[PDB]
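Reproduced below: query-v5.cif, with mmCIF, C-alpha atoms and all ligand atoms; chains and numbers go by the auth columns.
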data_work
loop_
_atom_site.group_PDB
_atom_site.id
_atom_site.type_symbol
_atom_site.label_atom_id
_atom_site.label_comp_id
_atom_site.label_asym_id
_atom_site.label_seq_id
_atom_site.Cartn_x
_atom_site.Cartn_y
_atom_site.Cartn_z
_atom_site.B_iso_or_equiv
_atom_site.auth_seq_id
_atom_site.auth_asym_id
ATOM 1 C CA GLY A 1 0.000 0.000 0.000 0.00 3 A
ATOM 2 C CA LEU A 2 1.040 3.608 -0.776 0.00 4 A
ATOM 3 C CA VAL A 3 2.826 5.453 2.050 0.00 5 A
ATOM 4 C CA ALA A 4 3.230 9.223 2.254 0.00 6 A
ATOM 5 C CA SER A 5 5.148 11.171 4.882 0.00 7 A
ATOM 6 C CA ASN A 6 5.979 14.829 5.491 0.00 8 A
ATOM 7 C CA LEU A 7 2.554 15.801 4.220 0.00 9 A
ATOM 8 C CA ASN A 8 1.844 18.377 6.915 0.00 10 A
ATOM 9 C CA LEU A 9 -1.893 18.724 7.221 0.00 11 A
ATOM 10 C CA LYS A 10 -2.720 21.590 9.531 0.00 12 A
ATOM 11 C CA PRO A 11 -6.112 21.920 11.270 0.00 13 A
ATOM 12 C CA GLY A 12 -8.799 23.019 8.848 0.00 14 A
ATOM 13 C CA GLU A 13 -7.135 21.537 5.776 0.00 15 A
ATOM 14 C CA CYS A 14 -8.929 18.821 3.766 0.00 16 A
ATOM 15 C CA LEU A 15 -7.255 15.666 2.470 0.00 17 A
ATOM 16 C CA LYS A 16 -9.137 13.941 -0.344 0.00 18 A
ATOM 17 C CA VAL A 17 -8.234 10.372 -1.251 0.00 19 A
ATOM 18 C CA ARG A 18 -9.615 8.674 -4.346 0.00 20 A
ATOM 19 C CA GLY A 19 -9.162 5.045 -5.371 0.00 21 A
ATOM 20 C CA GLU A 20 -10.715 1.855 -6.662 0.00 22 A
ATOM 21 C CA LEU A 21 -11.934 -1.085 -4.582 0.00 23 A
ATOM 22 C CA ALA A 22 -10.868 -4.582 -5.671 0.00 24 A
ATOM 23 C CA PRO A 23 -13.668 -6.681 -7.294 0.00 25 A
ATOM 24 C CA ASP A 24 -13.808 -8.917 -4.224 0.00 26 A
ATOM 25 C CA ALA A 25 -12.976 -6.265 -1.628 0.00 27 A
ATOM 26 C CA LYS A 26 -12.814 -7.759 1.876 0.00 28 A
ATOM 27 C CA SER A 27 -11.586 -4.562 3.554 0.00 29 A
ATOM 28 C CA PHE A 28 -9.225 -1.654 3.038 0.00 30 A
ATOM 29 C CA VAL A 29 -7.325 0.775 5.268 0.00 31 A
ATOM 30 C CA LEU A 30 -6.339 4.416 5.588 0.00 32 A
ATOM 31 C CA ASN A 31 -3.959 5.419 8.391 0.00 33 A
ATOM 32 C CA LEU A 32 -3.198 8.996 9.477 0.00 34 A
ATOM 33 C CA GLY A 33 -0.825 10.239 12.182 0.00 35 A
ATOM 34 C CA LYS A 34 2.839 10.954 12.871 0.00 36 A
ATOM 35 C CA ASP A 35 4.283 7.574 11.948 0.00 37 A
ATOM 36 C CA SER A 36 3.202 3.965 11.511 0.00 38 A
ATOM 37 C CA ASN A 37 2.919 3.505 15.289 0.00 39 A
ATOM 38 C CA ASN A 38 1.148 6.739 16.178 0.00 40 A
ATOM 39 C CA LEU A 39 -2.123 7.054 14.323 0.00 41 A
ATOM 40 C CA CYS A 40 -4.769 9.617 15.184 0.00 42 A
ATOM 41 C CA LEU A 41 -7.040 7.766 12.752 0.00 43 A
ATOM 42 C CA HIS A 42 -7.316 4.172 11.553 0.00 44 A
ATOM 43 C CA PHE A 43 -10.073 4.090 8.925 0.00 45 A
ATOM 44 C CA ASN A 44 -10.881 0.410 8.373 0.00 46 A
ATOM 45 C CA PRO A 45 -14.139 -0.211 6.533 0.00 47 A
ATOM 46 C CA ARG A 46 -14.786 -3.968 6.436 0.00 48 A
ATOM 47 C CA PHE A 47 -16.917 -5.429 3.661 0.00 49 A
ATOM 48 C CA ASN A 48 -16.335 -8.785 5.313 0.00 50 A
ATOM 49 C CA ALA A 49 -13.464 -9.440 7.734 0.00 51 A
ATOM 50 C CA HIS A 50 -12.717 -10.203 11.401 0.00 52 A
ATOM 51 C CA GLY A 51 -16.345 -11.189 11.863 0.00 53 A
ATOM 52 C CA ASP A 52 -17.721 -7.856 10.630 0.00 54 A
ATOM 53 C CA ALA A 53 -19.674 -7.184 7.441 0.00 55 A
ATOM 54 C CA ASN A 54 -20.474 -3.834 5.804 0.00 56 A
ATOM 55 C CA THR A 55 -19.208 -1.938 8.827 0.00 57 A
ATOM 56 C CA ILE A 56 -16.615 0.811 9.242 0.00 58 A
ATOM 57 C CA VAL A 57 -14.234 0.351 12.146 0.00 59 A
ATOM 58 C CA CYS A 58 -12.291 3.373 13.420 0.00 60 A
ATOM 59 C CA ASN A 59 -9.523 3.547 16.015 0.00 61 A
ATOM 60 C CA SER A 60 -6.305 5.241 17.116 0.00 62 A
ATOM 61 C CA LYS A 61 -2.869 3.811 17.904 0.00 63 A
ATOM 62 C CA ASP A 62 -0.490 5.084 20.579 0.00 64 A
ATOM 63 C CA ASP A 63 3.128 3.932 20.413 0.00 65 A
ATOM 64 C CA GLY A 64 1.924 0.733 18.755 0.00 66 A
ATOM 65 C CA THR A 65 -1.004 -0.168 21.008 0.00 67 A
ATOM 66 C CA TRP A 66 -4.594 0.167 19.749 0.00 68 A
ATOM 67 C CA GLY A 67 -7.254 2.294 21.420 0.00 69 A
ATOM 68 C CA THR A 68 -10.999 1.783 21.844 0.00 70 A
ATOM 69 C CA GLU A 69 -12.905 0.825 18.716 0.00 71 A
ATOM 70 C CA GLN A 70 -15.739 3.013 17.415 0.00 72 A
ATOM 71 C CA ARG A 71 -17.980 1.460 14.776 0.00 73 A
ATOM 72 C CA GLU A 72 -20.134 3.202 12.196 0.00 74 A
ATOM 73 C CA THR A 73 -23.177 1.600 10.604 0.00 75 A
ATOM 74 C CA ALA A 74 -23.105 3.798 7.445 0.00 76 A
ATOM 75 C CA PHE A 75 -21.395 1.922 4.582 0.00 77 A
ATOM 76 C CA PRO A 76 -21.596 3.474 1.094 0.00 78 A
ATOM 77 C CA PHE A 77 -19.069 1.121 -0.543 0.00 79 A
ATOM 78 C CA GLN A 78 -19.177 -1.488 -3.318 0.00 80 A
ATOM 79 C CA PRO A 79 -16.522 -3.933 -4.566 0.00 81 A
ATOM 80 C CA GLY A 80 -14.906 -3.323 -7.955 0.00 82 A
ATOM 81 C CA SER A 81 -15.854 0.368 -8.029 0.00 83 A
ATOM 82 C CA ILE A 82 -14.149 3.738 -7.500 0.00 84 A
ATOM 83 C CA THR A 83 -14.745 5.975 -4.472 0.00 85 A
ATOM 84 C CA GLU A 84 -13.121 8.682 -2.454 0.00 86 A
ATOM 85 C CA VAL A 85 -12.982 9.757 1.152 0.00 87 A
ATOM 86 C CA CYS A 86 -12.609 13.338 2.363 0.00 88 A
ATOM 87 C CA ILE A 87 -10.939 13.857 5.784 0.00 89 A
ATOM 88 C CA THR A 88 -10.592 17.090 7.779 0.00 90 A
ATOM 89 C CA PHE A 89 -9.401 17.777 11.301 0.00 91 A
ATOM 90 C CA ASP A 90 -9.005 20.104 14.292 0.00 92 A
ATOM 91 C CA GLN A 91 -8.097 19.818 17.990 0.00 93 A
ATOM 92 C CA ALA A 92 -11.621 18.522 18.636 0.00 94 A
ATOM 93 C CA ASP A 93 -11.780 15.548 16.309 0.00 95 A
ATOM 94 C CA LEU A 94 -11.392 14.398 12.720 0.00 96 A
ATOM 95 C CA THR A 95 -14.305 14.488 10.302 0.00 97 A
ATOM 96 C CA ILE A 96 -14.623 11.657 7.805 0.00 98 A
ATOM 97 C CA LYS A 97 -16.854 12.582 4.892 0.00 99 A
ATOM 98 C CA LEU A 98 -18.192 9.650 2.881 0.00 100 A
ATOM 99 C CA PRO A 99 -18.927 9.787 -0.876 0.00 101 A
ATOM 100 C CA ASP A 100 -22.667 9.258 -0.277 0.00 102 A
ATOM 101 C CA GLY A 101 -22.875 12.627 1.405 0.00 103 A
ATOM 102 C CA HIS A 102 -22.971 12.092 5.162 0.00 104 A
ATOM 103 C CA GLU A 103 -20.033 12.410 7.508 0.00 105 A
ATOM 104 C CA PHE A 104 -19.232 11.312 11.051 0.00 106 A
ATOM 105 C CA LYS A 105 -16.665 12.303 13.662 0.00 107 A
ATOM 106 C CA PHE A 106 -13.867 10.526 15.504 0.00 108 A
ATOM 107 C CA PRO A 107 -12.146 12.198 18.528 0.00 109 A
ATOM 108 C CA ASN A 108 -8.530 13.336 18.206 0.00 110 A
ATOM 109 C CA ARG A 109 -7.391 11.229 21.190 0.00 111 A
ATOM 110 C CA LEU A 110 -3.613 11.590 20.638 0.00 112 A
ATOM 111 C CA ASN A 111 -4.325 15.317 20.556 0.00 113 A
ATOM 112 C CA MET A 112 -1.932 16.021 17.707 0.00 114 A
ATOM 113 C CA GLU A 113 -2.074 19.233 15.741 0.00 115 A
ATOM 114 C CA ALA A 114 -0.579 18.089 12.414 0.00 116 A
ATOM 115 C CA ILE A 115 -1.067 14.951 10.326 0.00 117 A
ATOM 116 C CA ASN A 116 2.280 14.061 8.726 0.00 118 A
ATOM 117 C CA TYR A 117 1.880 10.417 7.868 0.00 119 A
ATOM 118 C CA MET A 118 -0.543 8.565 5.635 0.00 120 A
ATOM 119 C CA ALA A 119 -0.767 4.952 4.561 0.00 121 A
ATOM 120 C CA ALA A 120 -3.243 2.976 2.471 0.00 122 A
ATOM 121 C CA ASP A 121 -3.676 -0.767 2.886 0.00 123 A
ATOM 122 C CA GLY A 122 -6.089 -3.553 1.972 0.00 124 A
ATOM 123 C CA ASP A 123 -8.122 -3.942 -1.216 0.00 125 A
ATOM 124 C CA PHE A 124 -7.901 -0.282 -2.224 0.00 126 A
ATOM 125 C CA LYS A 125 -5.771 1.057 -5.075 0.00 127 A
ATOM 126 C CA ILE A 126 -5.199 4.809 -4.894 0.00 128 A
ATOM 127 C CA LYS A 127 -5.503 6.812 -8.123 0.00 129 A
ATOM 128 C CA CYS A 128 -5.575 10.378 -6.824 0.00 130 A
ATOM 129 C CA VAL A 129 -4.693 12.273 -3.642 0.00 131 A
ATOM 130 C CA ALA A 130 -5.432 15.959 -3.165 0.00 132 A
ATOM 131 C CA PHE A 131 -4.695 18.557 -0.491 0.00 133 A
ATOM 132 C CA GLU A 132 -7.342 21.254 -0.613 0.00 134 A
HETATM 133 O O1 LIG B . -9.028 -1.716 16.280 0.00 1 B
HETATM 134 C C1 LIG B . -8.237 -1.407 15.138 0.00 1 B
HETATM 135 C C2 LIG B . -7.572 -2.650 14.540 0.00 1 B
HETATM 136 O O2 LIG B . -8.356 -3.798 14.927 0.00 1 B
HETATM 137 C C3 LIG B . -7.743 -5.044 14.552 0.00 1 B
HETATM 138 O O3 LIG B . -8.607 -6.065 14.900 0.00 1 B
HETATM 139 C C4 LIG B . -9.062 -6.136 16.257 0.00 1 B
HETATM 140 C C5 LIG B . -10.499 -6.667 16.244 0.00 1 B
HETATM 141 O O4 LIG B . -11.362 -5.743 15.593 0.00 1 B
HETATM 142 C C6 LIG B . -10.969 -6.925 17.667 0.00 1 B
HETATM 143 O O5 LIG B . -12.279 -7.473 17.644 0.00 1 B
HETATM 144 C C7 LIG B . -9.988 -7.904 18.340 0.00 1 B
HETATM 145 O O6 LIG B . -10.383 -8.170 19.643 0.00 1 B
HETATM 146 O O7 LIG B . -8.669 -7.330 18.382 0.00 1 B
HETATM 147 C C8 LIG B . -8.127 -7.074 17.062 0.00 1 B
HETATM 148 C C9 LIG B . -6.726 -6.500 17.260 0.00 1 B
HETATM 149 O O8 LIG B . -5.717 -7.379 16.770 0.00 1 B
HETATM 150 C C10 LIG B . -7.530 -5.117 13.036 0.00 1 B
HETATM 151 O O9 LIG B . -6.796 -6.297 12.725 0.00 1 B
HETATM 152 C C11 LIG B . -6.792 -3.887 12.489 0.00 1 B
HETATM 153 O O10 LIG B . -6.841 -3.906 11.064 0.00 1 B
HETATM 154 C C12 LIG B . -7.441 -2.598 13.005 0.00 1 B
HETATM 155 O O11 LIG B . -8.721 -2.436 12.401 0.00 1 B
#

Written form, structure tokens:
Amino acid sequence: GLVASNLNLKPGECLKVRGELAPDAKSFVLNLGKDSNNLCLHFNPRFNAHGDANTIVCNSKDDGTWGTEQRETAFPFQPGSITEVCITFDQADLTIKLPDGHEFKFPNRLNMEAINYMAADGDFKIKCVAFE
């Protein structure tokens, strides 16, 4: 999966990620934080994996150890198609904005004020990445 560092997202900025889901997508990932072991956001929508179907699982990682899981019922994704996710942030929390219109929030537990790391994983092939 594609890894990008140094991208310094400051509060208020919007990171748009666009890509295509594999035809038999089981799940894909999007990690944001300071480094691979310090993620303020772990965006793991699961079509079918770990005992979960059509459910988005969010979390944070501190020095390698996971935090409390927060699950979202909304799931506007389909295998073998192209989608995008818009993510914004501030001291409060991050705001994930799904392609189907609605968005939900996830608390900025690690309390960081600058995303610098990003990593995609799973059955998701990135085609575009914008910083608006
Ligand atoms: O929580 C983020 C992280 O979860 C891992 O899976 C969890 C699983 O959801 C939970 O039910 C179990 O008790 O512990 C697992 C931790 O190993 C995922 O493997 C990972 O991709 C993230 O999504």

Do you know which residues are within 6 Å of ligand LIG 1 (chain B) using all atoms listed in the file? Can you write them as a VMD selection string?
chain A and resid 46 61 68 71

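Residue selection for this entry, given the PyMOL selection byres (((chain A and resi 94) around 7) and not hetatm), comprises residues 92, 93, 95, 109 and 110 of chain A.
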
To box stretch 14-20 of chain A, take all atoms listed in the file, fit an axis-aligned box, add 3 Å on each side, and give centre and edge lengths in Å to one decimal, as JSON.
{"center_x": -8.4, "center_y": 15.8, "center_z": 2.3, "size_x": 8.5, "size_y": 20.3, "size_z": 19.2}

For the file shown, report as a compact mmCIF listing (two decimals) with C-alpha atoms, in the frame of the given file the outcome of the PyMOL selection byres (((chain A and resi 104) around 12) and not hetatm) at residue level.
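New file result17.txt:
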# COMPACT_ATOMS: atom_id res chain seq x y z
CA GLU A 74 -20.13 3.20 12.20
CA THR A 75 -23.18 1.60 10.60
CA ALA A 76 -23.10 3.80 7.44
CA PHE A 77 -21.40 1.92 4.58
CA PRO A 78 -21.60 3.47 1.09
CA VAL A 87 -12.98 9.76 1.15
CA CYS A 88 -12.61 13.34 2.36
CA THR A 97 -14.30 14.49 10.30
CA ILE A 98 -14.62 11.66 7.80
CA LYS A 99 -16.85 12.58 4.89
CA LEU A 100 -18.19 9.65 2.88
CA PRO A 101 -18.93 9.79 -0.88
CA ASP A 102 -22.67 9.26 -0.28
CA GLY A 103 -22.88 12.63 1.40
CA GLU A 105 -20.03 12.41 7.51
CA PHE A 106 -19.23 11.31 11.05
CA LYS A 107 -16.66 12.30 13.66

Picked residues, the PyMOL selection byres (((chain A and resi 13) around 10) and not hetatm), expected as a ChimeraX atom specification
/A:10-12,14-16,90-96,114-117

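Taking all atoms listed in the file into account, residue A:33 lies nearest to A:7 out of the set A:7, A:50, A:80, A:57.
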
Who sits within 9 Å of residue A:45, all atoms listed in the file, same chain under 6 positions skipped, as JSON, numbers by chain
{"A": [30, 31, 32, 33, 34, 58, 59, 60, 61, 98]}

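Those residues that approach residue A:4 to within 10 Å, counting all atoms listed in the file, are residues 32, 120, 121, 122, 123, 126, 127 and 128 of chain A; same-chain residues fewer than 3 positions away are not listed.
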
Counting only C-alpha atoms, what is within 6 Å of residue A:49, bar same-chain residues fewer than 6 positions away, as an MDAnalysis selection string?
chainID A and resid 28:29 55:56

Taking (-9.0, 0.8, 22.0) as a centre in this file's frame and 12 Å as the limit, can you find every polymer residue with an atom that close, using all atoms listed in the file, and give them as a ChimeraX atom specification?
/A:42-44,59-64,66-73,111

Atom CA of residue A:38 and atom CA of residue A:79, how far apart in Å?
25.5 Å

Give me, as a PyMOL selection string, all polymer residues having an atom no more than 7 Å from residue A:130, counting all atoms listed in the file and skipping those fewer than 5 positions away in the same chain.
chain A and resi 19-21

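For the pair atom CA of residue A:129 and atom CA of residue A:51, the interatomic distance is 24.1 Å.
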
Residues near residue A:37, cut-off 7 Å, only C-alpha atoms, skip fewer than 3 positions along chain, as a ChimeraX atom specification
/A:40-41,119

Write out, as a CSV table (one decimal), in the coordinates of the input, the residues just selected, with C-alpha atoms.
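Result went into again.csv, see below:
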chain,number,residue,atom,x,y,z
A,40,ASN,CA,1.1,6.7,16.2
A,41,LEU,CA,-2.1,7.1,14.3
A,119,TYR,CA,1.9,10.4,7.9

Quote the spacing between atom CA of residue A:83 and atom CA of residue A:52 in Å to one decimal place.
22.3 Å

With distances taken over only C-alpha atoms, which residue among A:81, A:86, A:113, A:65 lies nearest residue A:25?
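Going through A:81, A:86, A:113, A:65 one by one, the smallest distance to residue A:25 is for A:81.
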